[PDB]
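Structure, as structure tokens:
Each chain gets a letter, A, B and so on, in the order the sequences are listed, and its residues count up from 1.
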Protein chains: 2
Amino acid sequence: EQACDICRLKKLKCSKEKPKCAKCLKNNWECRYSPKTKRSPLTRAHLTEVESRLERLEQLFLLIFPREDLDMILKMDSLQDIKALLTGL
Amino acid sequence: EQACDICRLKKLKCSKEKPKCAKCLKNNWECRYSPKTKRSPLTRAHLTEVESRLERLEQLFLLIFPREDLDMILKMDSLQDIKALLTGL
DNA sequence: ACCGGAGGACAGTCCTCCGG
DNA sequence: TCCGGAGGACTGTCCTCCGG
Ligand SMILES: [Zn+2]
Ligand SMILES: [Zn+2]
Ligand SMILES: [Zn+2]
Ligand SMILES: [Zn+2]
């Protein structure tokens with residue numbers, strides 16, 4: 001089943017043979033089969049672990065700071081910004 | 001297709017007839033077909049939105065509580081109590 | 001009666017690779 | 001060449017209701 005890295009990236013049929021394969025072989029490229037990427041399980045128990053801890057950190061957050069701040073953090077991607085937020089106390 | 005509240009809790013086969021079904025007519029029972037109860041979507045995109053929020057709060061709380069059992073706190077249910085606690089900031 | 005879990009239709013993923 | 005998105009095997013859900 002697994003297509004080689006390059007065929008994946010390019011989205012063309014892979015011959016998939018061993019070691020290399022038609023277009024990496026032909027075209028002159030180093031053909032690889034990368035490991036599947038580890039992702040979190042998409043189960044319902046796990047979505048619920050995570051929604052319900054996020055909820056409880058939100059509940060605790062609100063005893064400490066205003067709701068308007070909740071909404072800012074819940075969007076920040078930068079670690080300086082998450083820290084500065086906290087520094088304006 | 002939908003089974004009745006009761007056949008649902010008792011786990012027996014439901015006749016499904018409306019308004020009152022098999023048993024619920026028999027045992028002269030309060031027969032409800034309660035509406036289809038919502039869950040949040042199990043999709044990858046939504047698992048991931050929620051995991052990004054949780055990470056950001058998780059990070060914000062590493063700085064509020066650099067010292068431990070945040071989990072102790074996360075389990076409490078009382079608002080006064082939690083706030084009595086935190087005022088040991 | 002009661003309820004753990006089998007059974008199965010279905011929701012939605014997460015791959016490959018076709019074709020504009 | 002290139003990538004949107006179709007195709008479709010599959011993972012895991014989430015019902016019902018069997019039979020112990
Ligand atoms: Zn290939
Ligand atoms: Zn290759
Ligand atoms: Zn019924
Ligand atoms: Zn009924």
About how many Å separate SG of A/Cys4 and CD1 of A/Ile6, when rounded to the nearest 0.5 Å?
5.0 Å
What protein N or O atoms touch nucleotides 12-14 of chain C N or O atoms at under 3.5 angstrom, if any, and at what distances?
from: C/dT13; atom 1: OP1; to: B/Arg44; atom 2: N; distance (Å): 2.7
from: C/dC14; atom 1: OP1; to: B/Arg44; atom 2: NH2; distance (Å): 2.5
from: C/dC14; atom 1: OP2; to: B/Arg44; atom 2: NE; distance (Å): 2.8

How would DNA chain C look in dot-bracket form, 5' to 3', counting Watson-Crick and G-U wobble pairs with both distances under 3.5 Å and writing | for bases paired to another strand?
.|||||||||||||||||||
Rounding to an integer number of Å, can you tell me how far [X] [atom1] sits from [N] [atom2]?
X       : N      : atom1 : atom2 : answer
B/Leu47 : C/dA11 : CG    : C1'   : 15 Å
B/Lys13 : D/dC15 : NZ    : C1'   : 15 Å
A/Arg8  : C/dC15 : CZ    : P     : 7 Å
B/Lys23 : D/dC17 : NZ    : P     : 13 Å
B/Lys36 : C/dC10 : NZ    : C1'   : 14 Å
B/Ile6  : D/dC17 : CD1   : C1'   : 16 Å

Does this structure show an ion pair linking B/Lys75 with B/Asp71, if we count only N-O contacts that are shorter than 4.0 Å?
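Not counted as a salt bridge, because no side-chain N and carboxylate O are separated by less than 4.0 Å.
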By salt bridge (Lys or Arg N to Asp or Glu O under 4.0 Å), B/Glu68 pairs with (sequence neighbours left out) none
Sub-3.5 Å donor-acceptor pair from the side chain of A/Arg56 to the main-chain atoms of A/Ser52, do we have one?
no
In 5'-to-3' order, the base (B), backbone-only (S) or no-contact (-) status of each nucleotide in nucleotides 1-10 of chain D, using a 4.0 angstrom heavy-atom cut-off, is -SBBB-----
Would you tabulate the side-chain donor-acceptor contacts of residues 12-25 of chain A under 3.5 Å, counting partners in other chains and residues two or more places apart, or write 'none'?
from: A/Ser15; atom 1: OG; to: A/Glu17; atom 2: OE2; distance (Å): 3.2
from: A/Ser15; atom 1: OG; to: A/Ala22; atom 2: N; distance (Å): 2.8
from: A/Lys16; atom 1: NZ; to: A/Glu1; atom 2: O; distance (Å): 3.0
from: A/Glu17; atom 1: OE2; to: A/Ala22; atom 2: N; distance (Å): 3.1
from: A/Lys20; atom 1: NZ; to: A/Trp29; atom 2: O; distance (Å): 2.6

When the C1'-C2'-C3'-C4' sign is the only test used, does the sugar of C/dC15 come out north or south?
north
Taken in chain and number order and not counting sequence neighbours, the residues that satisfy side-chain contact (heavy atoms from CB on, under 4.5 Å) with B/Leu62 are none
Run the side-chain contact (heavy atoms from CB on, under 4.5 Å) test against A/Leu54 and tell me which residues pass, sequence neighbours left out.
A/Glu58, A/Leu74, B/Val50, B/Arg53, B/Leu54, B/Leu57
Select base, sugar-phosphate, or nothing to describe what A/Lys16 touches, counting heavy atoms under 4.0 Å on all strands.
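Sugar-phosphate, backbone atoms only, no base.
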Could you check whether A/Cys14 gets within reach of a base, just the sugar-phosphate, or nothing at all, counting any heavy atom under 4.0 Å?
sugar-phosphate
Mind checking whether A/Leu60 and B/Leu70 have side chains closer than 4.5 Å, heavy atoms only?
yes
Between A/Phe61 and A/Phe65, how do the two ring planes meet: parallel, tilted or perpendicular, split at 30° and 60°?
tilted
Residues in side chain to side chain donor-acceptor pair (under 3.5 Å) contact with B/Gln59, at least two apart in sequence or another chain:
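For B/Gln59, no residue satisfies side chain to side chain donor-acceptor pair (under 3.5 Å) once neighbours in sequence are set aside.
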For DNA chain D, what residues of residues 27-34 of chain B have any heavy atom nearer than 4.0 Å?
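Heavy-atom cutoff 4.0 Å gives no residues at all.
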Enumerate the residue pairs fulfilling side-chain hydrogen bond (donor to acceptor under 3.5 Å, both in side chains) with a member in residues 2-11 of chain A, sequence neighbours excluded, ordered by first and then second residue.
A/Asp5-A/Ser34
Taking only distance into account, with no hydrogens and no angle test, what donor-acceptor pairs under 3.5 Å do side-chain atoms of residues 35-44 of chain A form with protein atoms, sequence neighbours excluded?
from: A/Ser40; atom 1: OG; to: B/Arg44; atom 2: NH1; distance (Å): 3.3
from: A/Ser40; atom 1: OG; to: B/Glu51; atom 2: OE1; distance (Å): 3.3
from: A/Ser40; atom 1: OG; to: B/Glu51; atom 2: OE2; distance (Å): 2.6
from: A/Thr43; atom 1: OG1; to: A/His46; atom 2: N; distance (Å): 2.8
from: A/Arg44; atom 1: NH2; to: B/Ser40; atom 2: O; distance (Å): 2.8
from: A/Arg44; atom 1: NH2; to: B/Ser40; atom 2: OG; distance (Å): 3.3

Contacts table for residues 77-89 of chain A: side-chain donor-acceptor under 3.5 angstrom, sequence neighbours left out:
from: A/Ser78; atom 1: OG; to: A/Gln80; atom 2: N; distance (Å): 3.3
from: A/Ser78; atom 1: OG; to: A/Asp81; atom 2: N; distance (Å): 3.1
from: A/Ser78; atom 1: OG; to: A/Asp81; atom 2: OD1; distance (Å): 3.4
from: A/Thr87; atom 1: OG1; to: A/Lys83; atom 2: O; distance (Å): 3.0

